[PDB]
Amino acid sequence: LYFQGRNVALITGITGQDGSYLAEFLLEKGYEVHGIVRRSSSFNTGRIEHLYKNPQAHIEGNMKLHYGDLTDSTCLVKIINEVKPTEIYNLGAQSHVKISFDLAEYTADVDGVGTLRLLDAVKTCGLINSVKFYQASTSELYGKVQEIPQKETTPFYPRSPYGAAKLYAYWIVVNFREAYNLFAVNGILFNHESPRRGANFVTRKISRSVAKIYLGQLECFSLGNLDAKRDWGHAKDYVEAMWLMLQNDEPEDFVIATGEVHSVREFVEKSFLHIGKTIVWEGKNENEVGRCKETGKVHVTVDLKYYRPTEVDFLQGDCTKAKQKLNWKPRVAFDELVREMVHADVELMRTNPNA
């Protein structure tokens, strides 16, 4: 049964980057934390296995995991009915934009309709007035940005099947809030990174590749659009904002961002500086290369296979509303983020060159 003082979180996507930090953040506050984990042929729990009570035996304590999938309605109802959460964080998703162009229907089913399935499970279980629901929305919703900077009232313009699926999810969450008075909020989070970031997102790809070059495991790597500009924060700061949004007296949507913009090119330059290399760019378009000023070796090339058919050229978030209402502020700035990711990947690649 529900009672005041019992805090029970259900996290979809607990094995991902954000889920892993959010689980840690909520455990520290004394929550019982439940997560939904996909069945996989090998365990996919590497980011959260340190949160077992006994990590050698994989015995659970205050973090409890359940097999499920956002495409299986019955499994979501069974889990929610057993857990009776006070807070639900829907972080599960096919979260990669480039992959969404080749997996557009799967991305729609998980990222769009899966949000509806989870909301519908809350309603089926009779929990509409018992649970607070956080939806992981995204600055990708702004796509071809209609305003600079982007805030909660900037109109959406998605540019991928991922963005379209997340737009459905955004509005179905609003509809449950308005139709049924579910406390449900959209966190419109701008890009956020960490050493736990998926390896094929651009920041982690750069930090991994720079680490491999530093260690002699790699000579060169390829990127797509060097001129893309992004607002990059640290995932550990942003999961705190997710929790603050469910602590708010009223269910409101918020932009969470740093408000500071950098290019992919700058992320590359700063990463290489951390291994003592100055990158000099030469050429243009798909023939642009990044050369080490000291040695003259080409370390970065461009490959059109990494371009997106409809690029998101520029993102910059204005989080004034969150600063005023939630008293949220980012604590990690861009330069520290880059150093932390390169440093962590150098250590990772030293231990395991196949990592």
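The numbering used is simple: start at 1 and walk along the sequence shown. The term rigid core refers to the maximal set of C-alpha atoms that superpose within 1.5 Å between the two forms.
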Of the two stretches 314-322 and 42-50, CA positions deviate more in 4 other deposited structures of this protein after rigid core alignment for 42-50
For the other entries of this protein included in the comparison (both sides of the residue modelled), is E294 absent in a third of them or more? no
Does the comparison with other entries of this protein show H34 left unmodelled in at least a third of them? no
Comparing mean C-alpha B factor in the record for 183-191 and 269-277, the higher one is 269-277
Would 36-44 or 49-57 have the larger average of its C-alpha temperature factors, as given in the entry? 49-57
Between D111, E82, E87, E105, which carries the biggest CA temperature factor in the record? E82
Between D231, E219, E140, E240, which carries the biggest CA temperature factor in the record? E219
Taking the C-alpha B-factors as the PDB entry records them, is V302 in the lowest, middle or highest third of its chain? highest
Classify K321 as lowest, middle or highest third according to the C-alpha B-factor given in the PDB entry, relative to its own chain. middle
How does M63 rank on Cα B-factor within its chain, lowest, middle or highest third? lowest
Could you place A165 in the lowest, middle or highest third of its chain by Cα temperature factor, using the values in the record? lowest
In terms of the CA temperature factor given in the entry, to which third of its chain does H262 belong: lowest, middle or highest? highest
